[PDB]
There are 2 protein chains.
Amino acid sequence: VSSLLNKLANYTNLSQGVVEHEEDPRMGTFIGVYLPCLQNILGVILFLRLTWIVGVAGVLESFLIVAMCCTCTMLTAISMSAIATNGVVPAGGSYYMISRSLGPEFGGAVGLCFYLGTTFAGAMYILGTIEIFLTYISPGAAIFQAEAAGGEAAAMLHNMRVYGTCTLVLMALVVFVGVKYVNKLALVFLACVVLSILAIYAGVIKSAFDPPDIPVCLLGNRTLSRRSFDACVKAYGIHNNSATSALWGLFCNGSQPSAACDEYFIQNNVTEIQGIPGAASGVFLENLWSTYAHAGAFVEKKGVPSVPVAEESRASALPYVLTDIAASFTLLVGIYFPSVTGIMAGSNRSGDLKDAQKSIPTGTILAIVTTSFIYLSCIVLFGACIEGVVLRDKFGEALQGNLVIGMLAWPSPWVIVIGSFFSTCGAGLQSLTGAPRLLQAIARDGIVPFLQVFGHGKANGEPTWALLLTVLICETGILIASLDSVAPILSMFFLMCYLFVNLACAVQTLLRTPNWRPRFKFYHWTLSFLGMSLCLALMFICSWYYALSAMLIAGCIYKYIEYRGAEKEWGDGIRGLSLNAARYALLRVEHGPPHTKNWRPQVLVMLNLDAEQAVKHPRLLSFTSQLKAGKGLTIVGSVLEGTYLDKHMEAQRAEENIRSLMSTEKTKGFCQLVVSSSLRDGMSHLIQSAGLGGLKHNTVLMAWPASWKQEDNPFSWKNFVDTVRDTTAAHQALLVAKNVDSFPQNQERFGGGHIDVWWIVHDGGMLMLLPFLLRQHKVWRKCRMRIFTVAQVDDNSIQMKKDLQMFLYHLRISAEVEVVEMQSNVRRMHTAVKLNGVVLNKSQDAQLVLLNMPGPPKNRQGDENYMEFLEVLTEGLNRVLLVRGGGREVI
Amino acid sequence: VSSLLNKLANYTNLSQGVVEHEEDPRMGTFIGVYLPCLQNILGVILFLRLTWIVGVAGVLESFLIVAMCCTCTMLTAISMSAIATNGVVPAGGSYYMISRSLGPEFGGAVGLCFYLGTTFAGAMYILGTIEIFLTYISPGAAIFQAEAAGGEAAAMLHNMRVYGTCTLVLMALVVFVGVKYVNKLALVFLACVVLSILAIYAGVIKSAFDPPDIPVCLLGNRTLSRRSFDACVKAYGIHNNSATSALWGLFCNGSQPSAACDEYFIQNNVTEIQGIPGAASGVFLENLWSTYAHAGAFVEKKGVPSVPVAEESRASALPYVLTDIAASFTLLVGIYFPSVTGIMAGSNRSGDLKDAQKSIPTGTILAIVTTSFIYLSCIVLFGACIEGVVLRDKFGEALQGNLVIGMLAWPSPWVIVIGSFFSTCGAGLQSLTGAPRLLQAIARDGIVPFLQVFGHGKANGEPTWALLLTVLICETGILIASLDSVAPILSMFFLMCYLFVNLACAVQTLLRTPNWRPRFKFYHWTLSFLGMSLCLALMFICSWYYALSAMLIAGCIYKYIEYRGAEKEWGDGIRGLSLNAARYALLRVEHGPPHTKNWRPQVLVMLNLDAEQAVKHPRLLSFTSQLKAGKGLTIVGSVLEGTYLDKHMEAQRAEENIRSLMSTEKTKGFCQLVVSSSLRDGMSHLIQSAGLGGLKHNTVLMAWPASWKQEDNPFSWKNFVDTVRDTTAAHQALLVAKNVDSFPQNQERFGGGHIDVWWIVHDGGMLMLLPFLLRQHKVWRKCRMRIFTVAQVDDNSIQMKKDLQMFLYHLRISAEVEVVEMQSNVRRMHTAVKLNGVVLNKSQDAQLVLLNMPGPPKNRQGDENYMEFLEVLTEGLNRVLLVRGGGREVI
Ligand SMILES: *[C@@H]1O[C@H](CO)[C@@H](O[C@@H]2O[C@H](CO)[C@@H](O)[C@H](O)[C@H]2NC(C)=O)[C@H](O)[C@H]1NC(C)=O
Ligand SMILES: *[C@@H]1O[C@H](CO)[C@@H](O[C@@H]2O[C@H](CO)[C@@H](O)[C@H](O)[C@H]2NC(C)=O)[C@H](O)[C@H]1NC(C)=O
Ligand SMILES: *[C@@H]1O[C@H](CO)[C@@H](O[C@@H]2O[C@H](CO)[C@@H](O)[C@H](O)[C@H]2NC(C)=O)[C@H](O)[C@H]1NC(C)=O
Ligand SMILES: *[C@@H]1O[C@H](CO)[C@@H](O[C@@H]2O[C@H](CO)[C@@H](O)[C@H](O)[C@H]2NC(C)=O)[C@H](O)[C@H]1NC(C)=O
Ligand SMILES: [Cl-]
Ligand SMILES: [Cl-]
Ligand SMILES: [Cl-]
Ligand SMILES: [Cl-]
Ligand SMILES: [K+]
Ligand SMILES: [K+]
């Protein structure tokens with residue numbers, strides 16, 4: 001008990017704002033998470049409007065309203081449970097918990113929609129506590145009284161705007177000077193809720209054994225208000241005379257019987273039924289279907305008979321019970337939905353829990369369950385216990401001006417009326433001390449900068465200019481001055497911030513964002529995708545034009561935070577808004593495997609530059625644009641020798657020549673000019689470090705060194721052999737183009753001609769794919785693939801029939817297959833000239849010949865014999881492309 | 001005339017499909033662009049439904065409907081004019097013209113919404129030409145006749161579904177076997193439109209001089225149909241007897257007068273007015289306001305008097321004119337909008353124009369003007385010429401079953417009835433030969449692959465399986481079987497593809513996409529933003545749930561083309577969908593200036609590796625994460641010496657050590673490990689080529705070489721001086737950290753302490769910004785900036801007062817300013833030890849000291865005297881950061 005005393009002194013229903021985030025006993029799941037979440041859910045819709053929803057919509061449709069609204073908040077509490085298990089759970093509120101997991105763009109768009117929903121929540125709680133006062137506590141204490149009979153609907157709006165504005169400016173002064181006394185009353189406001197709920201269930205159990213005696217006065221079908229008179233008779237007997245009652249005086253003109261009366265009043269008789277017959281009676285089968293009506297309609301009972309009258313009716317003057325608002329299904333969804341909001345109250349105390357990754361998912365989910373049980377039990381127990389003609393009666397006009405849910409309670413009706421008065425004034429205090437702390441945390445965070453001032457506070461950190469904005473926004477909801485019109489506006493901001501929490505958790509799971517690994521057990525991305533789809537479907541049931549207003553407000557807060565966050569960082573905004581997009585997309589790719597399922601060439605094309613720096617072989621850019629049809633990566637890297645300290649004047653000239661080609665050749669790519677100490681070295685740096693992160697090259701395209709025997713070129717010729725060794729060590733493909741000056745431009749178009757492929761052995765996967773990619777371009781469009789294979793295996797048939805079903809897997813059987821069959825330096829170059837005689841026998845005049853390229857020698861002294869093997873192999877051919885690669889999958 | 005004969009033989013209203021794009025006299029603006037665009041605009045709404053819109057909505061609101069719908073298509077024809085002036089104007093249709101400018105994602109989403117809108121356009125034209133046949137040509141030739149009086153609304157739907165299905169399967173057989181004879185009739189279908197428009201304006205001019213004699217038969221206010229009887233009298237006189245007419249037989253029970261009659265028929269008398277009084281009479285002031293009614297209501301006249309009757313009414317049995325559908329404002333917008341669609345018909349002949357960049361913007365804009373003049377002139381001339389009780393009459397029941405717009409025409413009513421019959425059958429043929437060519441072009445384009453088969457054709461290239469899909473989609477619009485319900489579905493797909501054309505042209509202008517430079521004069525991005533906003537506002541006026549269906553269909557076609565286009569290219573789809581995002585964002589940045597307005601450090605941090613490769617100074621990553629708070633670019637580059645051929649085993653070990661730090665240090669960055677021939681060279685390649693494109697580093701962070709005198713390190717020490725020369729030649733900032741082992745980690749937190757800045761001269765812009773960025777991190781959060789300056793200028797006051805207003809511009813006046821005042825190798829190092837005595841006098845125990853760094857020597861023989869100047873300057877300080885840079889703006 002001594003340990004249970006300082007725990008209840010430690011209880012508070014407040015969000016940890018910005019002062020708990022700058023400085024960054026311990027609570028449990030029950031006091032830290034469960035009780036603050038349950039206090040912010042059970043509110044004013046249960047006591048004022050729930051019996052009216054069960055009456056108008058019936059038991060079946062109002063069971064469907066609660067099943068949809070409690071599922072949108074259950075699937076959102078699973079998305080909040082994924083955020084609460086990811087990472088460290090930073091101290092201070094639910095704003096810092098969301099915005100560190102989902103980033104500042106989703107964090108600020110949720111935070112400003114949760115600020116606007118909390119502000120109009122304080123407007124609904126102030127309009128709710130005036131409605132309890134002026135209807136049930138002291139109805140005579142109203143300034144603007146109706147001067148005539150039809151003034152009741154107009155003069156009640158004037159009492160709401162006068163008393164609501166005077167309550168709001170008084171509520172804000174208590175928060176500004178006495179907020180420490182508001183926080184001590186956090187346990188009193190919980191006890192007013194819990195004792196009111198127990199008084200309802202105590203009255204339902206008592207209503208089965210003996211129902212209470214409440215009479216409801218009927219006349220035909222229609223139901224008449226009990227405010228003026230007391231007795232339900234047309235006439236009685238006093239002092240030996242047939243005297244008329246006070247019900248006679250309201251319909252008939254004079255108190256005397258013979259003068260004048262209403263036409264409907266004469267032909268029908270006054271029936272007196274019981275209002276709360278109990279759970280023993282079978283009224284549950286009666287009030288099970290909907291009774292939607294227009295405004296001003298009567299509140300009728302199905303059983304009692306009446307006779308219709310064609311005489312005219314002004315029902316406002318006579319004492320009747322009339323429907324105030326024209327009700328629908330979509331209207332009752334919008335009025336009910338603020339009764340389930342309060343998910344985010346479970347993570348107000350993220351810095352004061354001993355295990356926040358375990359307390360936050362457990363306490364919020366157990367709070368949605370225990371409140372959805374209360375709303376689903378009350379709908380069954382209001383329909384089965386109250387006559388449905390009393391449930392259709394807002395403002396309790398049939399019950400002498402008493403609260404309908406209060407007459408059901410056992411000890412007194414004053415338990416609920418006092419209990420709903422203090423807990424609604426208390427929820428207005430929490431909505432007006434909790435929403436300025438949220439705006440101050442967003443303002444001091446710096447992500448939205450026009451709102452920077454709202455981050456000023458007092459010496460202890462309490463908001464000053466954030467209160468003044470919140471009172472002015474909450475004043476516009478009091479000027480609407482009805483509880484039923486603020487509630488669809490309120491529901492629209494909570495459904496909007498629940499939409500982004502479910503969207504951002506589903507996108508970051510699919511797109512594999514780094515630092516998003518939620519270790520919560522019952523979480524799957526479809527369960528947030530389904531929560532996004534249901535909280536979007538409820539958002540267009542309520543109002544479709546409130547939904548487009550909320551999606552355009554919150555969508556423009558999202559893009560404004562991107563623009564100012566990139567203007568702050570990468571210099572200019574238009575330029576910076578693409579540099580943050582490229583950085584954030586490359587950090588996602590940083591984790592995965594280098595190759596997954598398919599191969600496609602991503603080429604580093606090497607250019608040679610001469611003195612008076614111009615491109616030596618410009619058609620090597622033309623051939624790159626024919627493989628890559630303006631789609632993939634293309635790094636254009638070239639190397640000039642010398643130190644960077646003195647040759648950076650020539651490096652600015654040579655780079656402008658490369659940009660001149662890539663505009664004309666329509667190469668949509670990148671340029672990496674490097675000034676290296678030797679031309680050998682700088683090609684070995686572009687092989688291993690051209691391109692950062694996910695986008696790195698995959699293939700190296702070169703040109704054949706034509707001048708084989710020269711003076712200074714024997715250093716430059718040897719660089720060709722050692723860069724074959726570099727690409728095979730880095731596991732990269734290599735493409736050598738011979739006679740690259742006689743390659744087609746982009747404007748030349750071949751007619752007829754043939755592309756000959758010679759798959760001997762070793763990586764025919766790439767070697768079929770390269771002419772298939774050329775064939776899609778308009779230069780190589782009308783050509784034919786001939787694919788040739790030499791045979792040293794005995795049979796040629798199963799060579800061919802397996803090869804013809806290689807293209808059945810590859811969908812390119814338009815090619816035709818043919819098989820041709822017939823000390824180291826002696827053995828190598830003799831095999832070349834035998835194979836040379838084979839290849840020009842079938843490919844003398846072809847447009848392009850593809851060949852496998854042999855591996856470079858390992859001893860390094862045979863690099864002149866390896867190059868003579870390649871020259872003898874390729875004699876008298878117009879266009880040769882030599883292909884080799886290492887370790888890749890073509891499917 | 002001889003030149004005007006082969007031009008009209010060259011005229012055709014067809015889109016150039018895929019066969020004109022594969023092979024890739026000349027027409028002008030008038031025949032090539034203007035006439036095909038005008039033929040596809042003037043259609044069936046002008047003849048069937050325009051007089052009913054003017055009657056129901058009045059002249060003022062229907063002037064507003066045409067002003068909104070012709071502005072959505074005028075602002076879209078300016079966005080199509082920006083596409084037509086960009087680039088080369090590729091041959092073949094409007095699909096290839098849009099998708100080469102806006103990319104394959106916007107191109108395929110527009111193309112499939114323009115395919116679905118063209119298919120339901122063929123369903124409206126077939127339901128339109130059955131309605132002309134069964135109402136005005138032969139009303140007796142109908143299969144399902146109404147068995148009783150109330151069967152007319154139900155049996156007409158059965159005639160639409162039977163005749164519409166038999167027309168659709170017959171229309172598709174003509175296209176499949178005889179499409180060359182359909183294309184020869186393209187000039188006949190234009191002449192049926194133009195001769196019908198001229199017959200209307202010939203009748204309006206004739207109606208001012210003498211109006212025609214058409215009687216309309218009234219009885220009280222309500223208007224009765226003229227189908228059965230002929231004469232508007234209740235009784236007449238024949239063979240010396242008061243005989244009753246045939247109007248008497250339809251209301252009264254028997255032909256005899258005394259038997260029984262209707263109650264409304266007796267008390268009111270039969271009035272006969274003129275139906276088309278002319279432009280001379282002032283009916284224009286009468287039918288100027290709206291008359292929206294419910295279904296089944298009467299068609300009444302304001303002037304004539306009547307007496308009301310309270311007896312019951314079944315108006316369906318008696319001969320009356322009744323409103324068929326309940327009309328609104330939002331209903332008439334959806335019915336009118338298919339009368340303005342046809343912008344895209346101007347660019348059907350992009351391959352057959354002599355100047356396509358000039359013809360396409362001129363001919364489409366002049367076609368929107370000349371049709372918006374026709375619809376705005378007809379509304380004024382229908383209201384001012386036809387009595388409004390005839391305009392509210394669909395199906396011409398008051399006018400003996402004649403067409404209302406046809407009775408206004410001069411030569412005959414049969415000019416319009418025959419003319420609207422052939423041009424509506426002709427628009428159904430063009431909608432059924434033009435929509436399968438569009439689907440075949442999308443299918444053969446390969447951007448959406450589940451639809452690949454639909455690209456098969458005949459030998460000449462005509463679609464086969466694309467016809468069969470189009471008939472099945474057009475069959476579902478005939479099963480709706482009303483002209484007024486297909487038209488909001490039709491309008492929803494055209495407004496959706498006009499929404500993307502206006503959106504994609506506005507985004508690519510703002511975000512500065514490469515290869516988007518439209519050289520059209522009257523184009524601004526706000527004029528496409530305004531066209532996006534109006535074609536979105538019309539899209540929710542028509543139906544809000546048809547609008548959400550079209551935005552979710554077209555939004556999921558957009559993301560499906562992104563996913564399959566990245567799965568095709570970059571291997572895996574999830575991985576590839578981020579690599580296309582990074583490539584496309586870096587090609588936008590490729591064009592602009594390198595620095596625009598502000599500076600922020602984007603750092604290449606250099607790591608040294610020892611033998612048994614581990615990071616020598618791990619806190620140099622910790623200090624980078626405190627400047628960049630997880631926001632900017634961070635390249636982590638390190639160099640190990642040796643050839644890549646043998647040390648790529650150790651390069652895989654050393655790279656895994658770098659990834660171990662960057663996970664723990666929370667560095668969200670990139671790793672560039674380079675194996676170089678010497679450690680001097682590989683640092684000079686990371687300075688100039690680390691990072692591709694827009695995201696390139698800006699600052700180099702190093703560590704001080706502590707071991708100054710060693711054995712092998714005199715080569716490694718000299719690399720420090722020459723990399724100061726490299727960063728100043730590349731115009732990059734440089735940061736040298738001394739005693740980097742004693743730097744704080746991310747978890748250490750300083751309490752108190754001071755950051756001392758010593759701005760002597762030369763780039764105090766960076767030197768104030770560096771401790772301001774550190775101060776925002778939680779390590780350096782509670783510190784103070786002291787900023788010191790030596791003075792060799794005489795006065796210290798205007799030094800300080802200008803310096804204190806340097807921070808008034810920089811918003812960081814929390815710092816305090818203080819001024820301290822008092823053969824080459826003799827002159828250099830004496831100045832160091834004087835300045836050394838100054839700096840430790842004020843900064844002996846500070847947490848971080850910032851200093852300017854002097855320029856490196858030019859002669860290269862003083863690199864040992866430059867390093868001794870830096871060591872004497874920094875004696876006995878715990879944490880020193882030396883700062884220098886070149887050529888940058890800090891605002
Ligand atoms: C309304 O109720 C009364 C009794 O509650 C019905 O009965 C009549 O009461 C009058 C007394 O004023 C008697 O004179 C009649 O003989 C009663 N009629 C009976 C018993 O059939 C009265 O009929 C009801 N009014 C209706 C149905 O319009
Ligand atoms: C109760 O009685 C009335 C007539 O005495 C029933 O009839 C309806 O009366 C309203 C007038 O307020 C009309 O608008 C409806 O059209 C009437 N409905 C009919 C004639 O079916 C009324 O339905 C009864 N209430 C019930 C049965 O709940
Ligand atoms: C409808 O029109 C007639 C004349 O077109 C109105 O005039 C009456 O006609 C009858 C002939 O059947 C005469 O006996 C009456 O004397 C006429 N009344 C006059 C001239 O005032 C007739 O009144 C009209 N019906 C109405 C207004 O209900
Ligand atoms: C023509 O006359 C009728 C009555 O003779 C006018 O009155 C309306 O009648 C309809 C019945 O179809 C009612 O629904 C309306 O409420 C009546 N309107 C009233 C009483 O104002 C009718 O308005 C007249 N038509 C006109 C003036 O265009
Ligand atoms: Cl509530
Ligand atoms: Cl909430
Ligand atoms: Cl049309
Ligand atoms: Cl169009
Ligand atoms: K609540
Ligand atoms: K049209």
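Residues numbered from 1 in each chain as written, not as in the entry; some residues may be left out. Chains lettered and ligands numbered in written order. Heavy atoms only, no water.

- For this deposition, the record names cryo-EM as the technique by which the model was determined and cites 2.9 Å as its resolution.

- Identification of chain A as potassium-chloride co-transporter KCC4 from Homo sapiens is taken from the PDB entry.
- Anyone opening this PDB entry will find it titled "human potassium-chloride co-transporter KCC4".
- UniProt's Subunit (literature references left out) comment on chain A is quoted here verbatim: "Homodimer; adopts a domain-swap conformation at the scissor helices connecting the transmembrane domain and C-terminal domain. Heterodimer with K-Cl cotransporter SLC12A5."
- UniProt, in its Sequence similarities section for chain A, records the words "Belongs to the SLC12A transporter family. K/Cl co-transporter subfamily." (UniProt positions renumbered as here; feature names shortened; annotations may be inferred.)

### Things to note about the coordination of the potassium ion (ligand 10)
Residue and element names in this part refer to chain B.
Here's step 1: Those protein atoms acting as donors to the potassium ion (ligand 10) are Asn 40 (O), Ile 41 (O), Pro 338 (O) and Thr 341 (O), and they sit at 2.9 to 3.1 Å.
Here's step 2: Mapping the donors of the potassium ion (ligand 10) onto the primary sequence yields the spacing N-I-x296-P-x2-T.
Here's step 3: Of the residues examined, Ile 41 reaches a relative accessible area of 3% and is grouped as buried. (Donors = N, O, S within 2.8 Å, 3.2 Å for Na, K, Ca; no water. Buried < 20%, exposed > 50% of the residue type's maximum accessible area, 1.4 Å probe, protein only.)

### Topic: the pattern of salt bridges
Here's step 1: Evaluation of the coordinates by the stated rule reveals 40 salt bridges over all chains.
Here's step 2: A salt bridge links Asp863(A) to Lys718(A); its shortest N-O distance comes to 3.1 Å.
Here's step 3: Residue class for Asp863(A) comes out buried when judged on its relative accessible area of 7%.
Here's step 4: Between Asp726(B) and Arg680(B) there is a salt bridge, and its shortest N-O distance comes to 2.7 Å. With a gap of 46 residues between them, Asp726(B) in helix α27 (residues 713-729) and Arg680(B) in helix α26 (residues 679-689) connect regions that are remote in the sequence.
Here's step 5: Residue class for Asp726(B) comes out buried when judged on its relative accessible area of 1%.
Here's step 6: Residue classification places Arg680(B) among the buried residues on the basis of a relative accessible area of 14%.
Here's step 7: Salt bridges sharing partners connect three or more residues here, namely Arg49(A), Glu131(A), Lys394(A) and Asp484(A). (Salt bridge = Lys/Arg side-chain N within 4 Å of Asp/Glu carboxyl O. Helix = DSSP H or I, 4+ residues; strand = E, 2+ residues; numbered from the N terminus.)

### Quick look at the side chain of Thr135(B)
All names here are of chain B.
Here's step 1: Tracing the backbone shows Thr 135 in helix α8 (residues 103-137).
Here's step 2: With a relative accessible area of 12%, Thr 135 lands in the buried category.
Here's step 3: Within the structure, the side chain of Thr 135 is placed 3.0 Å from the backbone oxygen of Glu 131, a separation counted as a polar contact. (Polar contact = N/O pair within 3.5 Å; in protein donor to acceptor, adjacent residues only side chain to side chain.)

### Some thoughts on the UniProt feature "disulfide bond" in chain A
All names here are of chain A.
Here's step 1: With sulfur atoms 2.0 Å apart, the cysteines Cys 217 and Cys 232 match their UniProt disulfide annotation in this structure. In this pair, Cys 217 sits in strand β1 (residues 215-219) while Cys 232 sits in the loop between β2 (222-223) and β3 (235-238), placing the two residues 15 residues apart along the sequence. Across this residue pair, the class does not change: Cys 217 and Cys 232 are buried. (Disulfide = S-S within 2.5 Å.)

### Description of the packing of helix α5 (residues 50-72) of chain B against helix α14 (residues 329-336) of chain B
Residues and elements named next belong to chain B.
Here's step 1: One can describe the packing of α5 onto α14 by two numbers: an axis separation of 10 Å at closest approach and a directional angle of 70°. Taken as axis vectors, α5 and α14 run roughly perpendicular relative to one another. For the pair formed by α5 and α14, the contact residues are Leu 50, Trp 52, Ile 53, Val 56, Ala 57, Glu 61, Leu 64, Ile 65, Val 66, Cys 69 and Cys 70 on the first element and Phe 329, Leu 332, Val 333, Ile 335 and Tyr 336 on the second.
Here's step 2: Residues belonging to the contact of α5 with α14 are distributed by class as follows: 15 nonpolar, no polar and 1 charged. (Axes fitted to C-alpha atoms, helices over the stretch in contact; angles between N-to-C directions. Parallel < 35°, antiparallel > 145°, perpendicular 65-115°, else oblique. Contact = heavy atoms within 4.5 Å. Nonpolar A, V, L, I, M, F, W, Y, C, P; charged D, E, K, R; others polar.)

### Some points on the interface of chain B and chain A
Here's step 1: On the chain A side, the residues contacting the 70 residues of chain B number 70 residues.
Here's step 2: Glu590(A) serves as the salt-bridge partner of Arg659(B), at 3.8 Å between the closest nitrogen and oxygen.
Here's step 3: Summed over the shared surface of chain B and chain A, the result is 17 residue pairs in polar contact.
Here's step 4: Those elements giving two or more residues to the side of chain B that touches chain A turn out to be α2 (19-22), α22 (544-567), α23 (573-586), α25 (648-664), β8 (670-676), α26 and α27 of chain B.
Here's step 5: No other element matches the 11 residues that α23(B) contributes to the side of chain B that touches chain A.
Here's step 6: Each residue belonging to the side of chain B that touches chain A can be placed in one class, and the counts come to 28 nonpolar, 22 polar and 20 charged.

### Topic: the UniProt feature "binding site: chloride 2" in chain A
Residues and elements named next belong to chain A.
Here's step 1: Under the local residue numbering, the UniProt record ascribes the feature "binding site: chloride 2" to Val 44 and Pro 338. In sequence the annotated residues extend across 295 residues, while in space they remain close, none of their C-alpha pairs exceeding 8.9 Å.
Here's step 2: Structurally, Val 44 is set in the loop between α3 (29-39) and α4 (45-48).
Here's step 3: Those residues in contact with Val 44 that sit more than four places away from it in its chain are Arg 49, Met 124, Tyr 125 and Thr 424.

### Side note on the domain arrangement of chain A
Here's step 1: For chain A, the assigned domains are domain 1 (5-210 + 327-563), domain 2 (212-279 + 293-326) and domain 3 (603-884).
Here's step 2: Relative placement of domain 1 of chain A and domain 3 of chain A: their C-alpha centres are 68 Å apart. (Domains from an automatic or database assignment.)

### Let's talk about the sheet that holds strand β8 (residues 670-676) of chain A
Residues and elements named next belong to chain A.
Here's step 1: With mixed pairing, the 10 strands of this open sheet are ordered in space as β8-β7-β6-β9-β10-β15-β14-β11-β12-β13. Because the sheet does not close on itself, it has two edges, and the strands there are β8 and β13 (816-820). On average, each strand axis in the sheet is inclined to that of its neighbour by 20°, with strand direction left out of account.
Here's step 2: Running at roughly 155° to strand β11 (residues 754-758), helix α31 (residues 824-842) makes contact with β11, β12 (784-790), β13 and β14 (848-852) of the sheet. (Pairing = 2+ DSSP bridges.)

### Digging into the sheet that holds β8(B)
Residue and element names in this part refer to chain B.
Here's step 1: The strand order across the open sheet formed by 10 strands is β8-β7-β6-β9-β10-β15-β14-β11-β12-β13, and the pairing between neighbours is mixed. Each having just a single partner strand, β8 and β13 (816-820) make up the two edges of the open sheet. For this sheet the average axis-to-axis angle between neighbouring strands, irrespective of direction, equals 20°.
Here's step 2: Relative to β8, α25 is tilted by about 155°, and along the sheet it contacts β6 (603-607), β7 (634-641) and β8.
Here's step 3: Helix-sheet contacts for α26 involve β6, β7 and β8, and the interaxial angle to β7 is about 160°.

### Quick notes on the packing of aromatic side chains
Here's step 1: Per the stated rule, a full pass over the model turns up 47 aromatic pairs over all chains.
Here's step 2: Ring pairing ties together the aromatic residues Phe540(A), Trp544(A), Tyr545(A), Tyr546(A), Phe540(B), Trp544(B), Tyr545(B) and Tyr546(B), which thus form one cluster.
Here's step 3: Positioned above the aromatic ring of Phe395(A) is the side chain of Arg49(A), whose terminal nitrogen or guanidinium carbon lies 5.7 Å from the ring centre.
Here's step 4: One cation-aromatic arrangement involves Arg812(B) over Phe772(B); the distance from NZ or CZ to the ring centre is 4.2 Å. (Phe/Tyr/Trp six-rings, centres within 6.5 Å; stacked < 30°, edge-to-face > 60°. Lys NZ or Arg CZ within 6 Å of the ring centre and 35° of its normal.)

### Looking at the relation of the copies chain B and chain A
Here's step 1: The two copies are related by a screw operation: chain B maps onto chain A through 180° of rotation and 0.0 Å of translation along the axis, at an RMSD of 0.0 Å. A rotation of that kind, with that shift, is consistent with a two-fold axis. Across chain B, the smallest distance between a C-alpha and the rotation axis is recorded for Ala582(B), namely 2.1 Å.
Here's step 2: Residue by residue, 100% of the interface of chain B is reproduced at the interface of chain A, so both copies engage with the same surface. (Least-squares fit on C-alpha atoms.)

### Section: the coordination of the potassium ion (ligand 9)
All names here are of chain A.
Here's step 1: Around the potassium ion (ligand 9), the protein supplies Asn 40 (O), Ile 41 (O), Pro 338 (O) and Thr 341 (O) as donor atoms, at distances of 2.9 to 3.1 Å.
Here's step 2: Mapping the donors of the potassium ion (ligand 9) onto the primary sequence yields the spacing N-I-x296-P-x2-T. Here the residue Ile 41 occupies a position in the loop between α3 and α4, and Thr 341 occupies one in the loop between α14 (329-336) and α15 (356-383), the gap between them amounting to 300 residues.
Here's step 3: In this structure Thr 341 comes out as buried when scored by relative accessible area, which is 7%.

### Comments concerning the site of ligand 2
Residue and element names in this part refer to chain A.
Here's step 1: Close contacts around ligand 2 come from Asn 221, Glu 300, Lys 302, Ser 306, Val 307 and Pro 308, and that covers them all.
Here's step 2: At 2.7 Å, a side-chain N or O of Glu 300 approaches a nitrogen atom of ligand 2.
Here's step 3: Contact distances for ligand 2 include 2.8 Å between an oxygen atom and a side-chain N or O atom of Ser 306.
Here's step 4: Coverage of ligand 2 by the protein amounts to 40% of the 600 Å² it exposes when considered alone. (Near = heavy atom within 4 Å. Areas by Shrake-Rupley, 256 points an atom, 1.4 Å probe, with all protein chains shown as cover.)

### Section: the state of the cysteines
Here's step 1: Within the structure shown, the criterion is met by 6 disulfides over all chains.
Here's step 2: Between the sulfur atoms of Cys252(A) and its disulfide partner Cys261(A) the distance amounts to 2.0 Å. Linking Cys252(A) and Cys261(A), the disulfide has an S-S dihedral of approximately 100° and is accordingly described as right-handed.
Here's step 3: A residue is classified by how much of its surface remains accessible, and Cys252(A), at 3% relative accessible area, is buried.
Here's step 4: Exposure remark for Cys261(A): the relative accessible area of 29% places this residue in the partly exposed category.
Here's step 5: Shown here is the disulfide that connects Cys217(B) with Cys232(B), its sulfur atoms set 2.0 Å apart.

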